[PDB]
Structures are given as structure tokens and as C-alpha cells.
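Report on the structure given below.
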Amino acid sequence: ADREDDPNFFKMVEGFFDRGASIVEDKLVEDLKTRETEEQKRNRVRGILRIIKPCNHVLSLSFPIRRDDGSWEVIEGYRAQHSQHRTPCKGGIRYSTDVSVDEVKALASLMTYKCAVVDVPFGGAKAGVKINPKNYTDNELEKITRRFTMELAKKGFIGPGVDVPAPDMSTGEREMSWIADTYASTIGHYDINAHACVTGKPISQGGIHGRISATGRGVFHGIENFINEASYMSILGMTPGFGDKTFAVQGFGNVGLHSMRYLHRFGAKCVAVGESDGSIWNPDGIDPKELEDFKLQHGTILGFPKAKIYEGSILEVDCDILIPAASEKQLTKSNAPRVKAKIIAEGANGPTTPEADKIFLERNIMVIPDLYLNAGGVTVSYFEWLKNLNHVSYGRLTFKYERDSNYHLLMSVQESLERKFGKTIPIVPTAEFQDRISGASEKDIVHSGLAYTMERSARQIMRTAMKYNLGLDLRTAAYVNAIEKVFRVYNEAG
Amino acid sequence: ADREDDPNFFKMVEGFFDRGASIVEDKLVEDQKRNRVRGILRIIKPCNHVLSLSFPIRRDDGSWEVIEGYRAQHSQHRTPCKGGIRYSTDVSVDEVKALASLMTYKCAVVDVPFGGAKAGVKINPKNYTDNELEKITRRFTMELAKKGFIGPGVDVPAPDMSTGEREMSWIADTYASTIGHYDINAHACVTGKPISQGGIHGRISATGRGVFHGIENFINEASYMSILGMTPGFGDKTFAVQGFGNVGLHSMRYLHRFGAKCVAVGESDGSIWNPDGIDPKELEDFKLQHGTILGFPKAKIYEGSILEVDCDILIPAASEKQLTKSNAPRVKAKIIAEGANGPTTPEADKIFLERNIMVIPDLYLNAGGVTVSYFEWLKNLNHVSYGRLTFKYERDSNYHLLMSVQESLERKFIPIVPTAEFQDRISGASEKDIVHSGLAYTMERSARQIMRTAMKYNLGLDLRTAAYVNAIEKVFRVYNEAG
Amino acid sequence: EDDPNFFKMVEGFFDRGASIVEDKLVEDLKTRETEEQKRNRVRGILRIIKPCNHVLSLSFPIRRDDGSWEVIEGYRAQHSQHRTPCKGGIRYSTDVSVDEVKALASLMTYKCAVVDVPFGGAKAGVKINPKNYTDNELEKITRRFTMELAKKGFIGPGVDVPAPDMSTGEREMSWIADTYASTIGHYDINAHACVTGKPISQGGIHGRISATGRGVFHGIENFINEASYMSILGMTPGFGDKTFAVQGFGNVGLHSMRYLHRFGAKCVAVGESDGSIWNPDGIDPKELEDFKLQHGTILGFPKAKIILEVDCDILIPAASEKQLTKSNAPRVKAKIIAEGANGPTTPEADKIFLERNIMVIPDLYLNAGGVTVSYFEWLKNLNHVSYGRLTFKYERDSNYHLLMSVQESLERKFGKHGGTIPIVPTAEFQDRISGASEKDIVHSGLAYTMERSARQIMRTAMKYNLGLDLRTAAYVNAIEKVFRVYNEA
Amino acid sequence: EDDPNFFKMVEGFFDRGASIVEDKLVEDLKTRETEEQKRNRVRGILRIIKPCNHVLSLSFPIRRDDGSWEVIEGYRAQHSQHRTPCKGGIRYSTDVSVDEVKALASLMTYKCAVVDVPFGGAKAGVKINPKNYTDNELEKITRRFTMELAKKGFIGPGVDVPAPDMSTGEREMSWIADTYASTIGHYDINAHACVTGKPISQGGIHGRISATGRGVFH
Ligand SMILES: Nc1ncnc2c1ncn2[C@@H]1O[C@H](COP(=O)(O)OP(=O)(O)O)[C@@H](O)[C@H]1O
Ligand SMILES: Nc1ncnc2c1ncn2[C@@H]1O[C@H](COP(=O)(O)OP(=O)(O)O)[C@@H](O)[C@H]1O
Ligand SMILES: Nc1ncnc2c1ncn2[C@@H]1O[C@H](COP(=O)(O)OP(=O)(O)O)[C@@H](O)[C@H]1O
Ligand SMILES: Nc1ncnc2c1ncn2[C@@H]1O[C@H](COP(=O)(O)OP(=O)(O)O)[C@@H](O)[C@H]1O
């Protein structure tokens, strides 16, 4: 089981909504410009906040599967659609015996608010199939995936304009490919956008370039947008920028490895890396390429030659930035006063308890919340869906056009200078620009789309925080920002 | 709350399936082979789909309210699904799942080609105005339609004791105006509709007439009656009805019409008794002017149920647990006719089997409304009332037959005219007569099917197990022969 | 039907009927509302019913056979959707207008309601004179008009089902169905139900050509067999010893004469556009039809002398023209006026007939047999089978088994002494069994429809104390039915 | 735009323009036809372009906030379908007429063609004075009018895309999109493209408020 399977995490998400809804309520009635009495206005605001909170639809399924040995098995599955204020719905599919209707409902609500902070036009959704994937062959997993897709499609729980699922830590790109293939072959055969019914697909099936590193890149951009803001950094007693900064990552998965790599690339020194099985530490620095290569040949980071065996988690290691990148409860009321980092970057869902949040606010520690920082994969999910709607890879028709314009601009500078100083002044691209031009592909535009989203959303969260004088309570600002946006869609629709 | 809201009634339905499935299992393999039979029985048992909804409603005072609702579709072996909608704070997902499964087996015993379904909206209708009940009904219809939980060929809802024909009219009107606007059969998305909206004639008494026909089919079978020590027919028979709603009143009026004497009538507030007989028209008129049957001049008051009154036929016509292990040995009736769902516990069933008391089960006896539901759905598909083009044709053929007999006899040797009863049948011929014949035929065919199933498995007076086995055999064959 | 005064008539008939039902509708309401709110609901619903809900005006191009282009103007009004699909004819005439198409659509709503045909009213008009176009150009106009209606929800088996008119026929209806089924309704299993009046080879129904005439007979028969209404007119029930006169010897007039004569009524006079004939001893319909088929006219008929004021019991205006006005209404000698066509009696003549105790059976009911059979054609196309196809042989065997049972029972009762008692069908029954086809079931459906609607109109007239004002009773009956659909929805 | 003389003006502008292009259009025809048949094609096509192809007149009920019912009269003309969808505003005014809606639809066809906007012209009018109605009643009118247009092919992302007017605004456009996406266009991924002039929170575009003024400058 994960932190996302924990019933206490579901109560947390509900509490974050309740806190945010009570803060926006008073300001929403003032901004209502409708020709109603003040009593009608408050009823409308409270009424809409009451509609937003619960999941609109939950589908429970029972479907048969014939095992490879010939015996039959009844599979139990569910999918919750929290909100339709934005269609289609969006959300992953978990294959786990630890799934429940309450999990699927809470994670669907979390997805609604996460999409709203990063301006992704989808309501939240979440599915769960109550099976342990380790107990099934690839053929049986395909049968389960294809039949589950069929039952969701017949009831409006999968479709390019209805609900677009995605993979999870328990599911992958091959299962997403089977979902799209089943939908396009049967229910969505007459739909030109049938392959946009699901994201996380392989590149050969309509997948998007830049999906594997989307979350890690989003964690970097999120830290970057706050670490370059001198107003927030002066409050933490630090200088802006990644230079002369130290960081520690708890969880060396795909998000842990990618964050570690991009922070290192910008001058930040990794002093410690934590894993499910022990931790490593080096105050002089840990190279991400050397550590990734070690883990790929030994299965673990334990025994890394250029680091010491640190006992337990690295949450209390002396660093500037702490990055919880694993889906588990890590920061609690007992270890929050022992945290030595000034910035806590949540690169996973729910690593900090509400009691730890309170301690961090008292200690002037900035927590960049999961609702914002863990939205990179969600942002590139949106771009994959758009790519399938577009029916073309990003930049396909404009890369060569841009390249010729760049050369024409450099030639114009060269000719103008030769004319001004008389007669050669060669104006050529740098080694880095030439490499960008030669290797120009879809991933560069997806990375750009993600960087712009994390930057625009960081400023939105900073503005929402300064409006309600929340200071370093970025989590409440992100929830208030999400609830304000969802409220306005319902209010202006009638 | 009702007996249909009780969690113990859900366990009962599950137990009836488990009992029936273990009995058919051995005979199904005869007709790797045991894996297919057990596998299909494992697929049949749980509900395939359950939809949970949360939808807003603006009250008449201006305030908003979030309404919680659900709809379960137990089976799609037959499409569309079919099942009522309950408006009650006592509804639950487990209720809606168990009642959907009950509807799959009930439809199968009466050869109604629908999978089972059931909906529930967690509200107390007494706390809402008619305008608010319309808002709830129309929004619930919209949310079901968008997810495949209402449609002429997908899922056809119906009313309940908590809902009526006005709500069904709103469902059909909302569906035909929005989601099903392009569907020629949009008005077939729901049954229990008023006549002005595509409803069928003969829907009001459908359940009551089904109870009468169900009883009549066993009461006129001398093989079953000799085992109970009785003569066939309703003549010289006595009966008692527990629950004087619409089913109890109709069943009382129909048995009386055929010679059976009503010795006792039970109600939620006390009961009345007269060994010489109670007239149904006199009792109905008394209740319509006083609100209760208490104080009826031609009967004596009794504080308690009539379940232990000396009679031949006992008719539990109210949806509540009445026959339990404590009062089952005190029952003096030889036939127990279940006019409501779940009035007898499994422990009482066992006592009745030991005492040679025949229990006509609810799965069969309470399927008259479900049968005429099928006919209303067919009427909306047909887009014409039953008999509209053939009544006059039949009348002319009958007159031509009588004229042929008259002419042949006058040639050989004489007015040949219809009887007063036949003339009245011809003159008053309307849709209700075809619906009544269709219901009587269904009840008669299903009774013989249940009798043959009971004789095939040597079940004797265990008609409930026979009805469940009959239903499971039919549902199994659809899955098995489809692949 | 092109006359603006006829549109004002239909509007006036609605206004008269709506004011009569208004008081009884509030009293019959069982809703949880105040009395002032219940009155607002009744007037509000009557205000919704009166005007046409939708009117579509079209402009579409046509390439003439000479190569030149022409812009054709057309319209279709759907008066009501309380019952879907809509139903109504298509007129090809330069005299069509939006007001015509709106008034005739409203008339069709009330006509469908009195005979329990579940369709809202509709009417289309294409502003062209069909005599100025070739068959190829008429096909082009028909197919393009069908396309423009289909794209806007003005034709479809479950949306709007058009029909022919006096200006249009079965070939045009066939082109409508063929255009719809080949393009917009290609994926519809019921595409051929998008229009009625089709030829038999295209899904048409048997019994369509004589539908109006059979309905005119059945409408008369249902009031003539009612002793209560006949005692008020000083007559005995039944067609025996009854005399009748028919004004207009077309398909309706001839058929009405043919069926009335078959039941004992004696035709004393027949009127035509060119003169009239008269014989108090009787005129044979078969002899008169054969004479007209070989001479083009009824003038010079040997068994008659060379008819609204003729002494008879039943007067049947069967031609679409103003015949009964305030000037000749006091000279009418008939006790029953059977309107076999639209608008033969003015409102002033209706008043005179009510004062003189003359029963006028209204066109809204009596001239609705064609509409009744149109519903059956639409049903036939939905059924995808002809009526009786699977049951004629079954019924025949049951009839023989019944006669055999009577024969065996009598031979058993009277013994061998006496002999065989053959029980065989009459010559008429044998002919019915041998020639059993769809038209016999369509004729049954029509007779039952007229019978049931006659009793409904009688009950409405008794409910509102209208007496012999059957026109107001038919309009009130139609408005009550349309109101109840809106109110209970 | 309510003035009958303005409608005659638009008709006169078309007649003037059509007579000028007529002579040059026959020369540019490269089809294998006779010169007389070439002129028949040009004049024939100009005769098709001039009138509105479709005009829908509606009568729909509305329950006022006081409980009383009111029958609302409305219309929508689609001048041309040479480019689909059609495009055009909705006016809420007691001064609207079928002739207004037809002339302004034709004006929109030619306006879209000069700015290479691929839409045919369209125009709607609802015969009501918005000042006499509450916001709740204006929402009821807007949602019911949307329903009646959608059922007859007079609103849809690929059929006819309405817009606001000086008498209507972004809240009404939001109600149109919400009604269409909830009922008739529920299965359409592009349901929110059924109308323009929407608020930003409902799919509106940035730069819409200053669009006419900027175009006047440009
Ligand atoms: N998931 C969402 N829920 C609610 N509102 C949203 C959501 N995503 C975006 N919005 C808001 O809807 C509006 C759409 O604006 P637009 O300019 O089209 O998109 P964006 O600026 O997000 O790229 C913005 O105000 C945006 O903040
Ligand atoms: N709800 C049901 N589930 C399973 N089988 C059914 C159901 N209803 C009917 N059947 C069976 O399906 C078959 C249909 O037979 P058919 O003669 O067409 O209909 P019926 O005899 O019931 O009028 C029969 O064997 C019938 O018993
Ligand atoms: N065109 C119509 N408009 C309104 N009500 C109608 C119309 N046609 C029929 N009705 C009524 O609707 C109801 C339908 O009853 P039903 O028994 O299904 O049909 P019918 O008896 O006409 O064959 C009847 O009360 C009938 O009078
Ligand atoms: N509303 C319209 N009606 C007719 N032709 C149009 C209309 N809008 C654009 N066109 C023409 O159609 C062609 C489309 O050309 P294209 O290059 O695809 O578009 P554009 O140049 O307008 O961006 C052009 O010749 C353009 O002038």
C-alpha cells in the first residue's frame, strides 16, 4: 500500500477543501455581480461549494475474466468522477488489492483541485481494480484491462470528451495502449479522436515525448519559481537561485532521480539520497548520473562508493531544500521540529501531515505543496490528449520554418555590421544553439509548455497567498486558488 | 422503512440464490464442464454495475441541497434492465443491489425479457413540495441518462410504493426532451406512466390480479390440493388478508368474486374478523370515509395480526416481516400466498414444509406488476394501443361464424346470436382486456413451469426453491448459449 | 384551405372551445396550488397550445430541364410537439402562404386528437404551380425540399411525417422517402416511415385510397345507430328507411354513396359541379358510377331527372367548397348534415342548424379517415410487416375448427337418424376468408377509431351541455386531450 | 440595425455588387459550356446567394418568477451555408422582426467573406425587452431558446455558432453553451464551441472586449 491508499490521507484532502472553502466564501459573495438579494448570493456561494465538495458520479463494476488455466474469475473495479465543471474528466487507474471506493473518491477530488491550480481543463477522476497484478500473466492483465475498458465505455466512464484515464505506479504504458485499442476498436470506432480516450500511451500508439520526465521537470520548475523570488527567499534567510544551495531527496524513483538531476544541472549540490531500503550521504555532493548508473546495475543505492551509509530517512539531514519524492507519510509532528531544510518541495502526494504543516509555518519553513509541485505529469497528460486531438506531433510544421528565420536573423546582423564597419564578421549560432536547432523535436515544445504552466501557476499561488495574507502557507493558497477557479466555472454557467 | 429496506431481506435473497445454484449445478453439467457451470453461476450472482450519484437541487426557499442517489443493474443477459425507483431515507447501495438481483429472477420466472435493476434516492418525500420532487426527479433522470442508467433499450425504470405515475411522467418528459430527443422510442424509457403519457390500461390492478391468478393456478390443481387435504377451486374456501393497501384490497375483491369467503382483514392499526364473511365493497367504502377498517359494523375488532386466524388461504399483502419461526407453528392456513416481497423468513419456510403448508412465493405471486410493465414498454415500442386494429375484425369474424351456423341449420332443417355476456365483451372491447389476458396467460404458463421444476427436482411444496431454480436455469442458459 | 377566412374560422373554433373548457379544467385540477395559480396554469397552457411552435421558411435552388436556375420558396409549420412525430401534408401551389401552413398545422393537431392519432399537427407548402414543371423537375423540387427539411428537424420517422395533398401524390411521397433513406436517414431502420401516402411497392398501406369515404360512412353510422340523438331529430335508428343526398361526386362522394346504399339507405339525389340528378325512388351507385365512367358526367342518367335543399334525411356535402350559408340554411330539409369535406358550412349556417334541430357531424371528425389510415401506414413501416401476414391462416383454421365443433356436437346430440348436419361458412364469410388481406384489418382499425371517437364526442357534448353542437364538442374534445398531455407532463 | 431602410440598403449593396462582378465572372469560367449557359450559371448562383436559405420562427413557453406563463416569440435566419458553421449574434428586443434577422444574416455573410472568416451569415432575435425581466427569467428564456434552436439545426459547433449583441452579453452566451453541452450536444467534445462571446471561465477568448475598437483602429 501507498500514502494514496491511506484513509487518513483522504480525510486530509477533505480538510484542505473545508479550510479553503471557508476562506473564499466571504470574498465570493462580494464579487457576485448578479441582480440578487445578499441572502440569495450567500445561498448561491454556499450551495455551489456544497456541490463541488462530493464526487458527482461513482461507478462500481463486477466483470468476468477467464484465467489462462480455464477457470473463471469475477473482478471488482470502480471509477469516480469528482467533477464535470470541465469535461473530459482525467485520472489514473490503480491495479491494487488495497483500492477502495473512498480512495477512488478522494483521489478524484484531489485531481480536480490539482488540475485547477495548473489551469488544466479537466475535472478530476480516479479508477481502481481490486487485483494484485503480480498474481496475473500479461495475457490475463490484458483481458482485465480490455474488459474494464468496455464496461467503463458503456456507462460514460471513458471517452475522449467524457473521461480520459491514465497510468499509475501500479499500471503502465502497455495497459494504456490496450485501453485505447479496445476503445477505438469497439465503442469509439466512429470517433476520429478515439485514441485520445487515454494518456500515458507508448509513442507508437499516440503517446507524447517528454512524459517519462514530466513530474521531475515540474518539481524542478516549481522549486525554481519560488527559489528565484527574492521576497520569499529573504523571509527564509536565503539568497535567490540554485547556486550555493544544498538538497536532499527522499525516494529514488523516477521523480526522485529526475528532480536530483535538474537541480544538480543548475548548481544545487545533492548532499543526501534516501530510499525505501536505507539512505546515503555525502556533504561534498552526490552525482546523479553516477548514482543512477549504480542503481541500474545493483538494484539499490546502498554501497555507493562516493557516499556514506546514512541510517534511516534523510528528512533531518542538514540541507536547504528537502524533497520528499515518495508516496508515503514522511513529515509528521514528531520529526517536523528536527527538519533542517528551509524549503520542503513535495514531489509526491501527501508526504506532510497537517500537524507538520503547522510546525513548518511556526518555524518559517516554506512548503511547496503537492497540489502544485506534483502537477507536471498531469500537465503533460493534457498535452498528450491535445496531441491526439491535433493528430500531429508538436513542431512538425514549424521547426524548419523557425530554423530558417533564425539563420536569416543572424545573416541580417552580419550584413548590417559588415555594412557599418566596411570590408567579414561571421554571426553564427553558439554550440548550444546549434545543438538545439539540430535536435529540435516534440519534447522541447512539451518542456516549454510545462515550464510556462509552472511559472504562471506559481505567480497565481503567490498572488492568492498575498491577497489572504497567508505568507508561507502555500498549501492553503493553492487550495483557495483551485476552489476559486472551480467556483467561477459553476457560477458563470448557471 | 419497508421489508425491502431490511438488510436481513438482502441476505435472504442471496441465500435463495445460493440454495438454487447448488441444486441446478449437478444437472447443468449433464446437459472443464463443472468450471463453466460454476463460473457462470459466479458471474450471475453479483450486480454487474452500480452507479452512485450526487446532484444539486435548488429548494423552493432558494437554498441548495445535495441529493444522494444510486441505481444498480444486476444483469444485462436481457436488455433493457428493468426496475423501480424508491424515494426513501432508508435506501442503501446494498438494498438497490439486492432488489436488482431479485428483479432478474422475478423477470425470469414470468418470461419477461429484462435484466434486473433498482434505484434509490436518499430523501423523505414528505419533506418536499411537488415542485421540489419534480426537480429531484428530472435531475436524477438526467444523471442516469448520461451514464447509461435510463433508456428505452438500456434501462427502463418504474414507480414504487414511495413513487407514482406523476414522477414517471416527469422522467419520460425529461428524457424525451433532452438526451433521448432523437429516439422514436423515448417514451419507452420508463413504465408506470399516466395514460395521457403512454401508460397502459390495466396497470393499477396488475399486482392484485397477478396474486389472484397465481393463487387460482395452484388452487385449481388437484394434485397440490390433495396433498393439503382440500378440494380444488375457490368455492367453500376461506381467506384472510394481512395489509389492506391496494394489493390487499384487489386480492380481497377478486377472491370474493369467485366464491372465497374473507374471514379476516388485518391492517397496520388493528384487525377485523367475521367467520360468516366480510364484504370487500362494504369494507372499502368504510375505509374511504373513516381512514381505517376499525369499527366496521359487520366485523369484530382484534388487537394484532390475522396470521393465526382459522382460514384456508393466508395472504400477506404488506411489505413487512410477518411469518417468523415463533408464529409459523400457530398458522392455521394450508396456503400462504405472498402478495408482497419477503413476508416469510427462511426459518418459517422450513416449519411450513414440515407442516405441509404450501407457500406460493413472492418471486412468482408478486410478478403481476412486472408483467404488465413489460406490456407497457411493448405498447410504447408498438406506438399503438392493444387491439386498436383487430377488435372490429374479430367482431365481424364472430358474427360471420354465428351467421354460418344459422344458415347451415336453416338449410338442414333459427337465430344464432351472442350471449348477453359475449355481447358485452364485444361492445366493451378495449386494451385492458388484452392486458388482462396477457397477464393471466403469463401467470398460468409460469405456474406450470414452476410445478414442472418442483417435480423435476423432487421439491414438493417447496415452491420458492422451485421458482428460484427455474429463474437460475433460464439466466444460466442465456449466458451459456451466448458464449 | 388557401382562403384567409378559413384560417380565421379555425382560430375562432379554438377560441370558442378554449373558453368553454377553461372553467371545467380549473375545477378538475388536483394539484397542490392556490385557486388563482391553478387558473394561471390552465390559461397559460391554452396560450401555449394555440400558436405554432415552429415554422421553417426555405429558399432552395433547382436546375430546370432547360439548364436555367430557379430559386424555390417553401415552408413547413409544426403546430405542436405534445405528441411526436408531427404529421401533415405538403401542398404544391402558388397560393400557399405561411399563414395557411400555420392554420392548417393547428387544424391537424385538433383533427389528430379527436381520432386519437398520436401526432402533433404540421403542414408544408412549396410556392410553385405543378402544371408548369416536368416530372423530372417535380422530382428535383421534392428531393431538395426533403433534404432541407431533414437537416432542420422538419422530416423524420420520429420527428415529422409528411403526407400528400390534393396537389401532391404517391410518386412525390416515394421520392421523399427515397431521399431521406438514402442520405440523412441512411442509418435508420425506420427511414421509410418518414412519410405516408407512399405507393404499395415503397411501404404504402392497403386501404389508403378509400380511407376518407369509409370514415364518412362510419361517422354517419355511429350517430345514426344512437337512439338518443335520433329521437331528438324525430327519426328511428339505423340506415333502413333513410334517404340521403350527396353534393360532390368525387372519390369521397361516390364511396359514401356506395357504402350508405349497401346498408339500406336510399340515395334520392346526387349533385355535381355541372348540374344535379334526382329520383325519389332511388339511384343505384354502381349504375351511376358506370354511367360517369363512360360519359364523364352524371347528366343524362336514364334512371334520374335533371341538391342541398332536396327532401332527404341525410345531406352529405362531399366537395371542398362553401355550400351551406345563412341564405340557404333555413331551406335545408335534411335532419343530418354529414360534412364529408373541409369547411362546407359557415358559422352562420351552424347557428341556423342548431336553432332548427339539425345535427351537423363535423369535418374535424368525419373527414379524418385518411389521417387515421396515415397513422396505420406509419405503424406498418415501424412493424416492417403487412397487417395480418402471420394470423390470417391461423384465424381461418380456428374458424373451421369452430364450425366442425358445432357440426360434431349436433350430430352427437341428434344421432345417426337424421344424418349429417354440415356446418359450412356463408358465401360472404367464405369470400372474406379467401380474400383476407391487409385492407380488411385497416378497415377494422378505421371503423373502431370512428366508433370510439363518436362516443368520446357524444360524452364531451353531454359533459358541456352542447346538444347537437357536435363541432364545438369535437374542438372541446381535442383541446381537452392536448391540455391533459401538457398538464400531466 | 432595427430600421427597415437599413435592410433595403444591404439588399441594394448586394444588387450593385452582383451586377459589377457578373461580366467579369463569365470570362473567368473555364468550364466546357456555351457562353449563354455560362451566364445562366453566374446569374443563377448570384440568385441563390442573395436570399436567406433558412429562417426559423419559434414560439416557446416561459414561467415567470410570479408563476404566470408567457409565450415568447423568436427567430433565427441562416443566410448562407457555403461555409459551415453559420455565425451571428442574438438580439433581445421588442423591435426585432423576421426582415431584420434576414437582412443582418446576409450582412454577416458578406462581412465574414471580406475578413476571410469561414462562416456563413446568421442572425437571431427574441421579441422581448430585457429590462422587463429578472436575471432568472432571462436565463429561462435563453436556455429554452437554445433548446428550440438545437432541435432544428440552428445551433451547434459545426452548424450555427451564435454570439452576443448590444442587447445581450457574456452571461447569456455562457447559458447557451451550458444548455447545449448539457442536453443536445452532451456527446460532442466541441459542445462549448456552439457559441462565442463566452466568459473566460467558460471557454472565452482573451482580447474579445477590445476586438471591435482594435479593428476600427487597424
Ligand atoms: N480545471 C479548471 N477548473 C476551473 N477553471 C479552470 C481550470 N483550468 C483552467 N481554468 C480557468 O479557466 C480559464 C480558461 O482560460 P484560458 O485562457 O482559455 O486558459 P489558460 O489561461 O488556463 O491556458 C482561466 O481563467 C483558467 O484559470
Ligand atoms: N428474463 C429472462 N431471463 C432469461 N431467460 C428468459 C427471460 N425471459 C424469458 N426467457 C426465456 O427466453 C426464451 C424466449 O422464448 P420466447 O418463446 O421467445 O418467449 P416467451 O415464451 O417467454 O414469451 C424462453 O426460453 C424463456 O423462458
Ligand atoms: N393527438 C393526441 N393528442 C392528445 N392526446 C391524445 C392524442 N391521441 C391520443 N391521445 C390520448 O392519449 C391517450 C393514449 O391512450 P392509448 O390507450 O395509448 O391510445 P388510444 O386509446 O388512442 O388507442 C388517450 O387518452 C388518448 O385519448
Ligand atoms: N466566408 C467566406 N466565404 C467565402 N470564401 C471565403 C470565406 N472566408 C474565406 N474564404 C476564402 O476561402 C479561401 C481559403 O483560403 P485559406 O488560405 O485556407 O484561408 P485564409 O487565407 O482566409 O486564412 C480563400 O481564398 C479565402 O479568401
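Chain letters run A, B, ... following the sequence lines, proteins first, then strands; residues in each count from 1. Side chains included, hydrogens not; waters and symmetry mates left out as well; all remaining heavy atoms used.
Close approach to chain D, defined as a heavy atom under 4.5 Å from one of its heavy atoms, is seen in A:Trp385, A:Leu389 of residues 384-391 of chain A, taken by number.
Within the 4.5 Å cutoff, no side-chain heavy atoms of D:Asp135 are placed close to those of A:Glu36.
Looking at every heavy atom in both residues, D:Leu138 comes nearest to A:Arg35 through CD1-NH2, 4.3 Å. Pairing each heavy atom of D:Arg143 with each of A:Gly494, the nearest pair is NH2-CA, 3.6 Å.
Although no hydrogens or angles enter the test, the distance criterion places no donor-acceptor pair under 3.5 Å between the side chain of A:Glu492 and the main chain of D:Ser174.
Distance check, rounded to the nearest 0.5 Å: NZ of A:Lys33 to CZ of D:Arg171 gives 12.0 Å. Separating the CG atom in D:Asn190 from the CG atom in A:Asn193 is a distance of 7.5 Å, to the nearest 0.5 Å. Taking CG from D:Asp178 and NE2 from A:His85, the interatomic distance works out to 13.0 Å, rounded to the nearest 0.5 Å. Taking OG of D:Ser201 as the reference point, atom CZ of A:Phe487 lies at 10.5 Å (rounded to 0.5 Å).
In terms of heavy-atom pairs under 4.5 angstrom with chain D, the leader among A:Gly156, A:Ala196, A:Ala493 is A:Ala493.
Annotation for D:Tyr187: atom OH counts as buried by contact number, over 12 foreign heavy atoms lying within 6.0 Å. The local environment of CZ in A:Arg488 is sparse, with at most 12 non-hydrogen atoms from other residues, nucleotides or ligands closer than 6.0 Å. With a 6.0 Å radius and a threshold of 12 heavy atoms from other residues, nucleotides or ligands, D:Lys111 has its NZ atom at or below the threshold. Around the CZ atom of D:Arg64, the shell of radius 6.0 Å holds more than 12 heavy atoms that belong to other residues, nucleotides or ligands. The number of heavy-atom neighbours closer than 6.0 Å to CD1 of D:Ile200, taken from other residues, nucleotides and ligands shown, is above 12.
Within the structure, salt bridge (charged side-chain N to carboxylate O under 4.0 Å, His left out) pairs that include any residue of residues 189-206 of chain D do not occur (at least two apart or interchain).
When heavy atoms are compared at a cutoff of 4.5 Å, D:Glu139 approaches chain A solely by way of its side chain, counted from C-beta outward. Only the backbone of D:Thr134 comes within less than 4.5 Å of a heavy atom in chain A; its side chain stays farther off. A:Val489 touches chain D through backbone and side chain together, each having a heavy atom under 4.5 Å away.
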